[PDB]
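Listed next as structure tokens is one chain, alone, in the form deposited in one PDB entry.
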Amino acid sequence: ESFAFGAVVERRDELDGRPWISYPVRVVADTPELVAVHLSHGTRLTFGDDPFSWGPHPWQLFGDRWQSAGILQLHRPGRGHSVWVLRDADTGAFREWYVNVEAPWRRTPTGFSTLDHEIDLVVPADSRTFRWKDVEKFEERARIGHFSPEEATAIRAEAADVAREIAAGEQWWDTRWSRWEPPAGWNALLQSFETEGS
């Protein structure tokens, strides 16, 4: 099973057995080596009903549309992260690679499902160095039970693996993706994934 290039699919974070946040993305690649999807500026965000074990998804500060520059997400099937191509909202300049540690993506009839795992890594565009992010925030959340011990050990190992890869110059992703730009017609997507009535 695969999705076609340009298909509009759901990108979901699933928490407590239900959608936490979901938003439509366009498919750029759906291959055994790469799932690449695009979240465009102005796209509608769907949030699940409270309460969640983790509280409301933090993108709820933007209300119900993605206000910033579009995000290309690059995923190597089976890995416990994806890599986001982040650009400057004002200039469109490529700024950084944002490694979002999260559950390996699951294919669903509607798209892909994952779940944020708090630890992030950031590689600036110049590729001089990289930084770990939110490790202690992660650990506090693991201590209060947001992650089980088995989950938290998997998360720590995944983040360590990616950091070791980057530091060895063996980052899996093709950095030429930093020059990709969406087709001109790839604008805001307005699809809601809400299931009213519950």
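From 1 onward, residues are counted along the sequence shown.
One more form of this protein exists, namely the form deposited with a small molecule bound; it is left out here, but the text below deals with it.
Worksheet item: Any chance all of 45, 58 and 133 sit within 4.5 Å of the small molecule in the deposited bound form, going by non-hydrogen atoms?
Response: Yes, the whole candidate spot contacts the small molecule.
Worksheet entry | Exercise: residue 63 in contact with the small molecule in the deposited bound form, heavy atom 4.5 Å | It does: once the small molecule is placed as it appears in the deposited bound form, residue 63 has a heavy atom within 4.5 Å of it.
Discussion item. Test of understanding: in the deposited bound form, would residue 67 fall inside 4.5 Å of the small molecule by heavy atoms?
Written reply: Output for residue 67 is yes: heavy atoms within 4.5 Å of the small molecule.
Discussion item. Heavy atoms within 4.5 Å of the small molecule in the deposited bound form: which stretch in 133 to 141, 29 to 37, 154 to 162, 168 to 176 meets that?
Written reply: Residues of 133 to 141 come within 4.5 Å of the partner.
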